[PDB]
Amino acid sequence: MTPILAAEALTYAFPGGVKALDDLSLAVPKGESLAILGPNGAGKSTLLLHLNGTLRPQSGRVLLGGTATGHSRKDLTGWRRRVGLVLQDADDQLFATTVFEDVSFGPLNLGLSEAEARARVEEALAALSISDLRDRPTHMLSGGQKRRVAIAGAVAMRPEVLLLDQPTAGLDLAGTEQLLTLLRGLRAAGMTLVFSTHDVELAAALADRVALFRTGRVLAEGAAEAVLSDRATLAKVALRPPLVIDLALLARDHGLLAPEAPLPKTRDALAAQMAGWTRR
């Protein structure tokens, strides 16, 4: 059970000297969904860019399938086929073409025939509800529409690992729920997911494991439920628990539960508890 991806002791400063990763290590079990959380500037984006080989560290290394990645053209090509990335700014990921052309580029560049590439593209467009935008120039789109196009282009590649940098920023509710359904489906099909987010509710909905970043290091890592219900540890990266868990931890302290009972984590669970409560 070697992880599919492992960051080992990554240290990276940008040209110009700004330090971004400081001895960062993080292992990603195959088939898991890993949420990465932490403050602006903690190094989440830079870490994702190391995991698909966009950036190379000054020290440390990334392992893919248990082996050090290698830095050749064939190496990097194989690496990027296996590990896809949806950038934080979707506009940076788009080409000056129509939506269909944009999403087609990847599968075609994979040396796929016209037919298998076509099927990939059509399914990706449908999965993100942008089929009707196929002939739209990518610049003639709203921010949330652009986000869908960028995600569709990545998913059309069917990578072994999908990295997403703040995938739901700017998405409307319908789009967020549709993306959740898609990502759950891809995971069920065996895909590994790593996503940065400031949405702790998204982490709660999608992650098996959670890593908290601060100042270029992993401050804490564990199963999603254990980390997301830990008020003191989350506070060290200036986060609160997901709202229902937040309140429900408060309820447990206040003596509203049992005691002996499990913590309500859903709206439904909390609603059921409320019927046994009154005002003082």
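Throughout, we count residues from 1 along the sequence that is shown.
Stretches compared: 87-95, 113-121. Higher mean C-alpha B-factor in the entry: 113-121.
Just going by the entry, 157-165 versus 102-110 on mean CA temperature factor gives the higher value to 102-110. Of all the options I130, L141, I151, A189, the entry's greatest CA B-factor is assigned to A189. Of all the options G70, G60, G43, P241, the entry's greatest CA B-factor is assigned to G70. Among the modelled residues of its chain, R217 has a C-alpha B-factor that falls in the middle third according to the deposited record. In the PDB entry, a CA B factor belonging to the middle third of its chain's modelled residues is recorded for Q178. The deposited CA B-factor of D75 belongs to the highest third of values across its chain. Placement of the Cα temperature factor of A261 within the chain: highest third of the modelled residues, per the deposited record.
When the modelled residues of the chain are ordered by C-alpha B-factor, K146 sits in the lowest third.
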